[PDB]
Amino acid sequence: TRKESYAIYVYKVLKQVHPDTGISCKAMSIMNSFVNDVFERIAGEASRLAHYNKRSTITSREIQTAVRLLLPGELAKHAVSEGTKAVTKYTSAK
Amino acid sequence: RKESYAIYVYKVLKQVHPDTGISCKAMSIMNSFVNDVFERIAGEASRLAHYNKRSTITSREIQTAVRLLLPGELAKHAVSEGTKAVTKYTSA
Amino acid sequence: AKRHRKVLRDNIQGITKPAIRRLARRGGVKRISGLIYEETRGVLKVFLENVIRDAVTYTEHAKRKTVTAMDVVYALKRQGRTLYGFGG
Amino acid sequence: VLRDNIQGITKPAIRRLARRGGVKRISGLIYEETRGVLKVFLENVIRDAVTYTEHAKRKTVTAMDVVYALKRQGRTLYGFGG
Amino acid sequence: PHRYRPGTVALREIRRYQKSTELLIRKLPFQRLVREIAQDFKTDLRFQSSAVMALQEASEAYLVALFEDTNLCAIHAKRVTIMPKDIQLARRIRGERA
Amino acid sequence: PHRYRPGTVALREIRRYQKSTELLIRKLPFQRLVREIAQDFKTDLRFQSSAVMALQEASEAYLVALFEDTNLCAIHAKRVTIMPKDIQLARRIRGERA
Amino acid sequence: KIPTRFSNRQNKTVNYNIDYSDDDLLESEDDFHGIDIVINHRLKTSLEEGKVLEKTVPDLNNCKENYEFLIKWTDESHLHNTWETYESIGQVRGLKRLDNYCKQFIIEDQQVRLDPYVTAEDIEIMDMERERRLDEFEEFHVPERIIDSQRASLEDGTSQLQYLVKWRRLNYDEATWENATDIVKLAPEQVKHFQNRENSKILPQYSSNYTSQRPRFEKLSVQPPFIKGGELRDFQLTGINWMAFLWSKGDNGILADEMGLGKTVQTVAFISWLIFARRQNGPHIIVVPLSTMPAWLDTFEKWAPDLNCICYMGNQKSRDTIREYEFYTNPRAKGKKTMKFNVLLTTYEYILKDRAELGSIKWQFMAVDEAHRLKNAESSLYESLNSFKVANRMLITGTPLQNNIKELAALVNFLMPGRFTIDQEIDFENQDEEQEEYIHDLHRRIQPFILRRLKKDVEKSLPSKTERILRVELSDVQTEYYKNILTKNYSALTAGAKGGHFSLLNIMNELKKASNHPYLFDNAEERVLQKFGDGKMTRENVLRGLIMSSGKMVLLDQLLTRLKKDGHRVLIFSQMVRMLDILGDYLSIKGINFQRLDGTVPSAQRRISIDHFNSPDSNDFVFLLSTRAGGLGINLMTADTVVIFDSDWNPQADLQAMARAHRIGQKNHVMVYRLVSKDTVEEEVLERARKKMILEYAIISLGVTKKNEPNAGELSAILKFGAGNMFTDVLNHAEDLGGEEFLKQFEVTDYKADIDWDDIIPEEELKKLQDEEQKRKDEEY
Amino acid sequence: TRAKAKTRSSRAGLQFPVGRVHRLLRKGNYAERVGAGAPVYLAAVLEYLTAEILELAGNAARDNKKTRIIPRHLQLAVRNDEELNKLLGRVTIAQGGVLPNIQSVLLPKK
Amino acid sequence: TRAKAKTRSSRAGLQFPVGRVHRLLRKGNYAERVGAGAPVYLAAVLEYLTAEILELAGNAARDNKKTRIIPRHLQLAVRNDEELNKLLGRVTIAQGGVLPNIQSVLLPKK
DNA sequence: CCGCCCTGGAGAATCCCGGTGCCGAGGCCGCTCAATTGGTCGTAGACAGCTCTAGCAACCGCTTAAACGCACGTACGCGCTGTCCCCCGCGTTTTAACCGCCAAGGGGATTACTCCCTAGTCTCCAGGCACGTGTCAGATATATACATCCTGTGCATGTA
DNA sequence: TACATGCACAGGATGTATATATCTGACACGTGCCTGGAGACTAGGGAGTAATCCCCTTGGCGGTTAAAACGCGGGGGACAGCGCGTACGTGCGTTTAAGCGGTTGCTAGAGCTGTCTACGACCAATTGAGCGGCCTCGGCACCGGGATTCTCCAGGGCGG
């Protein structure tokens with residue numbers, strides 16, 4: 001049975017930030033749990049944000065507001081940057 | 001047209017205390033309480049359906065969410081109330 | 001020099017000493033030291049910035065400039081402090 | 001029949017946990033209180049995990065039910081799936 | 001003459017304010033403080049009155065709970081006077097400082 | 001005969017166990033305790049080994065954080081020895097007791 | 001009755017009673033002649049030892065044996081004030097009051113006497129407030145009213161007659177029991193008035209029962225004999241005839257006469273006519289502002305001395321004393337209590353505070369002074385007064401119509417609730433004949449119910465008042481702030497400000513602030529000082545920056561120099577007190593003796609400033625006001641010029657602002673200069689104010705107290721004037737049929753300054769400013 | 001020939017609206033499908049919890065000689081019952097006040 | 001011609017899967033509709049947070065002379081950074097240990 | 001001559017460097033399922049217009065209770081000292097955790113078939129939200145009857 | 001013999017209790033209506049059930065060795081008592097600002113109605129990215145022998 005995970009994406013992000021550093025199975029499982037937990041928090045906050053404003057759709061505005069609500073301080077304002085240009089780059093292509 | 005729970009809370013109050021009134025602020029507090037318990041039980045049942053790869057929310061998920069959220073004797077008495085309400089609704 | 005600044009800066013001092021004393025009396029405090037009040041003002045300020053920042057975020061998501069009571073309710077819930085009596 | 005297994009959490013284990021917590025001196029009445037609070041904590045987590053197991057119509061208690069039970073109590077644990 | 005003992009007036013105030021339910025902070029200084037804090041996050045902010053009422057109710061509830069924890073800290077240290085160290089201990093155990 | 005002063009060995013174990021990573025409770029006594037607690041809720045329960053391991057990690061993290069707050073309570077009361085009332089105060093302020 | 005639902009949860013029963021008793025704390029809880037007020041001090045304690053050792057300063061123990069203090073004691077009557085000494089007192093309660101008196105009066109008076117840096121103006125201001133305090137305290141000795149008499153038994157003194165005495169400026173909680181003999185001996189007229197009030201022939205129980213059967217009223221060509229007073233004038237007697245004729249028809253009215261015509265005298269004489277002639281001597285109520293209420297009390301004391309007029313103010317104890325000592329003839333009964341008084345004077349605050357205790361009285365007449373306060377039908381005062389059970393009501397005002405027709409509708413619905421309806425506003429863009437017919441219908445509908453007489457129709461000696469509108473261009477700083485606000489520029493509005501807290505809520509408020517002065521904005525003086533005066537701020541470029549920051553200030557500076565050159569005194573009215581702060585600083589660095597009145601000034605300093613400005617030996621030249629402060633009772637006889645720095649939305653507020661100096665008895669031609677910023681939001685302020693003056697001139701001025709054919713033309717002409725925009729030897733204090741006269745003072749006179757940075761502060765002023773700055777460094781300070 | 005319509009609350013013997021709870025479950029984004037007995041069960045549980053708090057608050061109002069439940073009575077009822085206290089542990093009731101208690105060391109003497 | 005099927009992650013310049021995040025948002029019962037830029041923004045935020053922890057954890061592995069990240073390095077990186085400690089304040093990392101911290105009262109006096 | 005402080009040396013603990021080896025980290029490959037692309041279509045939300053109400057800025061007036069400053073007394077926090085007891089360090093003996101292995105058996109996870117429950121749609125109808133009124137209960141006014149106290153006049157006495 | 005004065009008795013005015021009529025606040029109820037809930041029918045997919053694999057978890061011996069239990073001495077820390085001084089409580093007099101009511105125009109924002117378009121859901125064909133399986137070999141764990149670093153106690157020297 002095919003089981004999906006964020007292992008290859010965490011690994012290639014690690015090779016970006018540290019090209020000569022490895023990782024273990026337990027640390028990869030912890031990274032997968034972290035990514036799943038943060039995804040669940042941001043998606044739940046955006047779902048509640050769309051519900052409070054009587055909207056049927058989740059757009060990048062709700063995810064941006066969820067990131068500003070959940071991420072503390074400067075870690076928010078870089079991430080708000082890192083999402084935004086990505087959307088802009090997506091707009092440059094699709 | 002405000003979509004509140006005030007009349008049903010009033011009928012329940014007349015069931016338990018037929019000669020006791022309620023203020024508007026207390027009625028708003030009871031409305032907020034019913035909404036909070038609704039969203040807690042529905043969120044826990046949604047998580048229970050997602051954890052077991054199930055596409056529907058049945059009375060089993062609501063029962064498990066009630067005994068997960070409510071503590072102690074409140075949980076088992078609410079399970080008794082919901083079980084006999086489901087039994088009465090099914091038979092008739 | 002009768003003219004001066006329009007804005008007021010020591011609005012944290014509007015949380016007066018007898019108000020902090022009354023709040024400690026509701027908490028069951030019998031004796032209060034004199035250094036309590038500045039610490040209490042700092043704690044109140046930190047709590048108020050934490051709630052008000054999230055409420056302003058909820059306001060700006062709705063493309064509004066008016067902070068409603070429901071935004072304050074949503075903000076407190078997200079900080080783990082559910083408040084009844086204003087949600088309806 | 002399992003009984004008196006709370007004494008299996010021995011006094012050196014509680015001393016080691018306090019050493020990891022940074023405790024230099026430990027009174028003799030600490031260990032019974034620590035056993036009691038461990039029993040209360042384990043009862044809460046195990047009761048929620050058994051509820052999650054019984055909802056799934058299963059007889060075994062998986063680690064994922066334990067992760068769910070710890071999530072429900074605001075005590076998120078990384079490294080066992082999720 | 002007839003001066004009261006130091007402590008019985010405090011006990012009368014405890015027994016009075018634990019019975020009552022009104023707000024212990026004047027409304028206008030709290031509105032001024034909320035507007036002063038809120039203008040740092042965003043300029044030209046309007047406020048509903050019930051928003052400031054809810055902020056006041058939450059603030060006094062938080063401070064009263066913190067004062068109960070602070071009093072427990074002070075009693076634990078063989079004292080009856082609360083000190084800033086009791087507030088830092090209560091907020092550290094609660095996880096606000098941790 | 002050689003002797004250490006009372007306390008430097010305790011600092012040595014504090015430095016040792018704050019650097020270490022492994023579980024500080026033995027596996028079989030914790031597994032037996034988990035099974036005894038679990039048979040009160042449902043009879044004839046089986047357990048994955050990873051379930052018992054996750055319970056052990058959560059339990060030791062809970063107890064280590066509780067001992068940190070207990071040590072803060074003991075230091076606040078001008079003591080270096082932790083008492084059961086320090087655990088009671090830490091759990092009371094944390095909201096677990098009352 | 002019985003609950004149909006119960007709880008199966010086995011919880012323990014809980015006592016929810018949160019009521020507490022402090023009885024166990026009674027172990028630490030329980031188990032009137034003292035010092036109240038210290039009035040005056042004397043430098044000789046017992047005898048004059050000598051004039052030596054008059055230097056240095058005394059200490060507290062030195063003053064303990066050198067001075068004797070006048071003491072009013074606790075629960076006394078300001079007649080048993082004793083000259084005492086610290087050793088003569090011993091240890092009584094209130095010694096801290098004596099210590100505080102001795103401390104602040106003696107040490108502050110001796111340091112202001114012995115300082116070298118004390119001018120003559122400060123010492124005469126301190127002397128006049130010193131004697132003002134002594135005259136206010138000496139007023140308390142005189143009785144004002146005797147409430148009740150009793151027979152009290154003293155310590156083996158058999159029976160003594162004891163009078164309950166109220167004092168002049170004191171209230172009913174200072175009413176005291178006093179001996180009869182000295183009270184008769186010092187003021188027997190009040191005693192005689194008390195026995196006249198005792199077996200009086202006019203009571204509410206002796207009132208007639210006119211129920212739609214009131215007798216016909218004949219016109220009185222002479223003053224009636226029961227109104228003693230002074231002498232009623234002809235227009236006042238005509239007003240008496242009008243109010244009596246309206247009462248005989250069973251109708252209510254508005255006495256809309258202008259201020260200074262004596263409306264108080266007219267309604268007091270009408271109350272006297274209602275009591276004496278028609279025998280309607282029951283409970284009447286007059287609701288007045290608190291500031292004008294002494295002017296009602298002495299009017300009742302002078303013109304109607306036989307009446308039982310009572311005063312209803314004060315705290316809970318004083319009003320309780322009035323309630324259970326003076327309302328009822330039989331206050332100790334329990335059934336129907338008949339009323340004892342004739343007239344009750346009260347204020348709006350105690351109408352709202354005591355509507356339960358005063359609404360349950362069958363009032364026979366009601367008179368509401370300053371009824372423009374009743375212009376809002378949704379106000380709490382309107383709901384409180386409209387719920388009263390009153391037969392006949394009357395509104396006394398000067399401006400029945402202020403902003404829109406809805407206020408006049410509220411007034412006539414307060415008077416006659418239902419027979420008049422107003423549902424259509426007045427639109428100047430239509431200008432049709434149907435609106436003119438509606439206006440003439442409103443003319444003919446409220447014509448007999450409103451009596452308005454004008455200060456120009458009577459008293460043929462009043463000098464004319466001329467209003468000149470001066471429109472000045474904006475400065476560069478005002479123009480750039482106006483552009484930054486109007487085209488919102490938060491980054492540019494912040495600029496060099498460290499805080500950057502600029503509030504752009506209420507755009508029109510900020511536009512009016514920019515039209516007035518740039519210095520109203522935060523961190524705005526620093527940019528002007530560092531951009532042109534290069535930041536030195538050495539006492540001479542500050543005034544220049546003040547003058548050329550705003551375009552109104554150059555016109556104000558030229559006007560003040562020209563009026564100082566002539567023999568004129570000037571008032572300046574502003575809508576904001578921060579603008580008054582800017583002008584006060586301008587006249588402080590400018591060096592002009594000014595006085596100021598706004599809402600922050602308490603009433604004692606207000607009366608001090610008004611008396612100082614109106615003194616014949618006054619060095620004051622300029623008197624600044626916030627426009628909506630002080631009420632209608634400020635007397636500004638000596639001033640001649642009025643400058644409206646800031647126009648009001650309500651033109652009646654500017655009308656009372658002009659009428660502070662344009663009162664009855666003004667000896668000089670009043671000149672009004674209105675300062676207007678060009679191409680700004682103040683132009684539509686004046687447009688709305690002009691439209692409101694057109695509306696007030698239509699309904700009220702053409703329905704006061706072959707021309708009907710020309711009315712259909714001149715209403716169309718005034719609607720064409722109201723439908724047109726007014727904005728398309730200057731400063732002379734001189735001026736060389738009524739329809740064309742209203743076309744005056746709506747013209748706009750443009751003023752061009754063209755004064756650059758290097759003209760003002762001339763060689764006379766620059767030499768005086770530089771020598772004062774150089775001499776200040778020599779004397780340091 | 002449609003039959004006489006009766007509410008789903010009356011079928012289950014409830015006072016709380018089963019149809020409104022079903023509509024809020026369907027539109028609340030909880031699952032793709034909602035079972036038939038789930039709104040009945042949830043309405044019964046909500047009605048029971050409302051009955052418990054309203055009965056305890058009516059007792060609190062009766063003990064303080066009042067005929068209307070105010071927020072103070074709700075706060076006293078919730079905080080005096082430990083199961084309802086820990087159900088609403090992180091919940092602040094507006095205009096509710098606190099439980100009146102003083103610590104024993106702050107008392108003056110015996 | 002199907003234009004070689006360029007993925008959305010390469011279009012957004014990301015290493016996290018935009019398509020998998022879109023499928024998890026659609027199947028996660030969050031809203032009826034999901035916008036096009038929401039998975040892009042969310043995948044970018046997740047990748048940024050992953051890089052932020054992984055760089056500090058690699059630094060922690062380097063400071064203890066290791067070329068492989070273990071859970072101890074992740075715990076040291078999370079607890080030593082001020083904002084990741086607030087993000088993961090109620091989170092246990094298994095086999096993570098604690099920060100080495102001894103209170104100064106317990107230190108010996110010289 | 002006596003008390004304190006530095007230091008010298010003693011042995012325990014831990015670091016460091018080298019060797020060995022082991023087992024998971026990572027790379028390669030087949031496959032197959034989920035992302036991508038292209039096209040169609042319904043509708044969510046943006047936009048526009050109109051009406052009504054709360055908020056906002058800066059000012060006014062009045063009341064009155066709360067805040068504040070100050071002085072004084074005293075309760076309590078803190079520092080110091082003694083004492084005793086309980087916890088810590090260390091050696092010795094026990095014991096059970098841990099690793100490994102045994103034997104069977106049952107619980108949980110893919111693939112196929114079926115069936116019934118719920119979404120969807122249409123139609124109908126009644127539950128609930130506002131108005132607005134007849135009626136019931138509490139408070140108040142009004143007329144009437146009984147208990148209670150102030151008061152004027154006849155009887156008797158003293159005096160010129 | 002007549003005038004002035006002390007003492008006792010009967011009828012008139014007043015306060016209070018009670019029956020009856022009127023005003024004001026609340027409560028069930030008539031009416032409209034409208035919108036959301038209910039009844040009836042259809043279809044399909046989610047869920048239930050069965051067969052099969054297979055892997056993992058639950059109950060007894062054997063060694064070994066490190067951890068746990070236990071005893072004992074002692075010394076450091078908890079705790080009690082006492083003294084002191086200072087900071088806080090408390091009362092009182094004075095100021096001040098909160099609270100309330102009020103102006104005046106404009107704008108934000110909720111709510112309702114109507115249009116319309118871009119955008120996301122949905123479906124089919126395709127294909128390539130990601131995942132399970134397999135294999136290997138280097139990063140890291142274990143061990144052994146010095147080197148070094150580290151408190152701890154006793155002895156000599158120096159100052160008081």
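Each chain gets a letter, A, B and so on, in the order its sequence line appears, and its residues count up from 1. For the numbers below, each heavy atom of this structure counts, side chains included, while hydrogens, waters and symmetry mates do not.
Atom NE2 of F:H2 and atom P of K:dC150 are 16 Å apart (whole Å). If you measure from atom CG of G:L511 to atom P of J:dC56, you get 19 Å, rounded to the nearest angstrom. Atom pair E:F47:CZ and K:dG109:P shows a separation of 13 Å (rounding to whole Å applied). The interatomic distance linking C:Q13 (CD) with J:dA66 (P) rounds to 21 Å, in whole Å. Look at CG on G:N376: it is 13 Å from P on K:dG101, rounded to the nearest Å. When the P atom of K:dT94 is taken as reference, atom NZ of G:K103 falls 13 Å away, rounded to whole Å. Between the CZ atom of E:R5 and the P atom of K:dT90 there is a distance of 11 Å, given to the nearest Å. In this structure, the CZ atom of B:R60 is 13 Å from the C1' atom of K:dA47, given to the nearest Å.
Judged by distance alone, the side chain of D:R25 and the main-chain N or O of F:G7 form no donor-acceptor pair under 3.5 Å. C:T59 places no side-chain N or O within 3.5 Å of a backbone atom of C:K65 that could act as its donor or acceptor partner. With E:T81 contributing its side chain and C:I32 its backbone, the two residues share no donor-acceptor pair below 3.5 Å.
The side chain of E:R26 has K:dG99 as its nearest neighbour among K:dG99, K:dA78, J:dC88. For G:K336, taking side-chain heavy atoms from C-beta onward, the closest of the listed nucleotides J:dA141, J:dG89, J:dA57 is J:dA141. Comparing J:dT37, K:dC119, J:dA25 by their nearest atom to the side chain of I:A5 picks out J:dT37. Counting only heavy atoms from C-beta on, I:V34 has its side chain closest to K:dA121 among K:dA121, K:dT104, K:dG46.
Nucleic acid contact class of G:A653 (heavy atoms, under 4.0 Å, all strands): none. Across all strands shown, H:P17 has no heavy atoms under 4.0 Å from either base or sugar-phosphate atoms. Counting any heavy atom pair closer than 4.0 Å across all strands shown, E:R79 reaches sugar-phosphate atoms only and no base atom. Contacts of A:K26 with the nucleic acid, taken as non-hydrogen atoms under 4.0 Å apart, are absent. When heavy atoms are screened at a 4.0 angstrom cut-off, A:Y9 is found touching the sugar-phosphate backbone but no base atom. Within the 4.0 angstrom heavy-atom criterion, only backbone atoms of the sugar-phosphate kind lie near D:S27; the bases stay farther away. Nucleic acid contact for F:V80: sugar-phosphate only, since backbone atoms but no base atoms lie under 4.0 Å from a heavy atom of the residue. Nucleic acid contact class of C:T68 (heavy atoms, under 4.0 Å, all strands): none. At the heavy-atom level, A:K3 lies under 4.0 Å from the strands shown only through sugar-phosphate atoms. If you check every strand for non-hydrogen atoms under 4.0 Å, F:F30 touches nothing. Within the 4.0 angstrom heavy-atom criterion, no nucleotide atom of any strand lies near G:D648. The residue B:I7 sits close only to the backbone: its heavy atoms come under 4.0 Å of sugar-phosphate atoms, none of a base. If you check every strand for non-hydrogen atoms under 4.0 Å, G:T347 touches nothing. G:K692 comes within contact range of the sugar-phosphate backbone alone, with a heavy-atom separation under 4.0 Å but no base atom that close.
Regarding nucleotide J:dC60, the torsion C1'-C2'-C3'-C4' is greater than zero, so its sugar is described as north. On the basis of its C1'-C2'-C3'-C4' angle being positive, J:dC59 carries a north sugar.
As the counterpart of K:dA125, J:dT36 is assigned, both hydrogen-bonding distances of the Watson-Crick or G-U wobble pattern falling under 3.5 Å. Nucleotide J:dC125 forms a pair with K:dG36, judged by Watson-Crick or G-U wobble geometry with both contacts under 3.5 Å.
Taking 4.0 angstrom as the limit, G:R332 places none of its side-chain polar atoms (N or O) nearer than this to OP1 or OP2 of K:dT14. When the side-chain nitrogen and oxygen atoms of B:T56 are compared with OP1 and OP2 of J:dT118, none of them lie within a distance under 4.0 Å. When the side-chain nitrogen and oxygen atoms of A:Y11 are compared with OP1 and OP2 of J:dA25, none of them lie within a distance under 4.0 Å. At the phosphate of J:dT64, OP1 or OP2 sits under 4.0 Å from a side-chain N or O atom of G:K353. Look at I:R33 and you won't find any side-chain N or O under 4.0 angstrom from OP1 or OP2 of K:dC122. Contact between the side-chain N/O atoms of C:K17 and the OP1/OP2 oxygens of J:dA67 is not found at any separation under 4.0 Å.
With 3.5 Å as the limit, one finds a donor-acceptor pair spanning the side chains of F:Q31 and F:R35. A donor-acceptor contact closer than 3.5 angstrom is absent between the side chains of A:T57 and I:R33.
Checked for salt-bridge contact, G:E510 and G:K513 meet the test: a charged N lies under 4.0 Å from a carboxylate O. Taking the charged nitrogens against the carboxylate oxygens, G:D648 and G:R628 do have a contact shorter than 4.0 Å, which makes a salt bridge.
Comparing F:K78 and I:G19 by the nucleotide of DNA chain J whose heavy atom lies nearest to each, the residue mapping closer to the 5' end is I:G19. The 5' end of DNA chain J is approached more closely, in terms of each residue's nearest nucleotide, by A:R2 than by the other of E:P6 and A:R2.
You'll find a donor-acceptor pair under 3.5 Å spanning the side chain of I:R2 and the base of J:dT36, going by distance alone. Side-chain to base pairing of C:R64 with K:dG109: no donor and acceptor N or O lie closer than 3.5 Å to each other.
On the P atoms, K:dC112 is 14 Å away from K:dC34, given to the nearest whole Å.
Entry note: K:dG11 and J:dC150 fail the pairing test, Watson-Crick or G-U wobble at under 3.5 angstrom for both distances.
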Could you walk me through whether E:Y4 and E:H2 pass the side chain to side chain contact (heavy atoms under 4.5 Å, CB included) check? CA-CA 6 Å; E:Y4 283 59; E:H2 193 73; 3.9 Å; yes
